[PDB]
Structure formats: C-alpha cells, structure tokens
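Undergrad: Take a look at the following structure, please.
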Amino acid sequence: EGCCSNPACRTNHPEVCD
C-alpha cells in the first residue's frame, strides 16, 4: 500500500492502508 510506513500519512487516515 502507500501510506502504511511513513507514520504520519498513516495516522491521518489509516483505513486506506491497514
């Protein structure tokens, strides 16, 4: 996926990766 690594794109919206 595309935001599940950089912890800051993840924590913004995480359901689009985890």
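How things are named: the first chain in the structure tokens is A, the next is B, and so on; residues count from 1 in each chain; ligands count from 1 in the order shown.
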Would you kindly return, as a PyMOL selection string, each protein, DNA or RNA residue with an atom no farther than 12 Å from any atom of residue 5 in chain A, considering only C-alpha atoms and excluding same-chain residues fewer than 4 positions away?

TA: chain A and resi 1+9-11+14+17-18

Undergrad: Put those residues in a file: N, CA, C and O atoms, as a short mmCIF file (atom, residue, chain, number, x, y, z; two decimals), in the first residue's frame.

TA:
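File written: again.cif
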data_model
loop_
_atom_site.label_atom_id
_atom_site.label_comp_id
_atom_site.auth_asym_id
_atom_site.auth_seq_id
_atom_site.Cartn_x
_atom_site.Cartn_y
_atom_site.Cartn_z
N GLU A 1 0.83 -1.22 0.00
CA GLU A 1 0.00 0.00 0.00
C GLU A 1 0.84 1.23 0.00
O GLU A 1 2.05 1.15 -0.19
N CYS A 9 1.33 9.92 7.33
CA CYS A 9 0.26 9.80 6.39
C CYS A 9 -0.70 8.78 6.92
O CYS A 9 -1.91 8.92 6.79
N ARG A 10 -0.18 7.75 7.60
CA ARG A 10 -0.94 6.68 8.17
C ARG A 10 -1.90 7.19 9.19
O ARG A 10 -3.11 7.04 9.05
N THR A 11 -1.41 7.88 10.24
CA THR A 11 -2.16 8.35 11.37
C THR A 11 -3.19 9.38 11.07
O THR A 11 -3.99 9.80 11.91
N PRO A 14 -5.99 6.03 8.54
CA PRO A 14 -5.23 4.84 8.31
C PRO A 14 -5.96 3.72 7.65
O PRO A 14 -5.32 2.74 7.27
N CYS A 17 -5.00 1.98 4.33
CA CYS A 17 -3.90 1.08 4.21
C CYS A 17 -3.95 -0.10 5.10
O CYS A 17 -3.84 -1.21 4.58
N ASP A 18 -4.09 0.00 6.44
CA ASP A 18 -4.12 -1.15 7.30
C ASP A 18 -5.31 -2.07 7.03
O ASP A 18 -5.11 -3.28 6.77
#

Undergrad: Run DSSP on the backbone of this structure and report the residues of chain A it assigns to helix (DSSP H, G or I), as a VMD selection string.

TA: chain A and resid 7 to 10 14 to 16
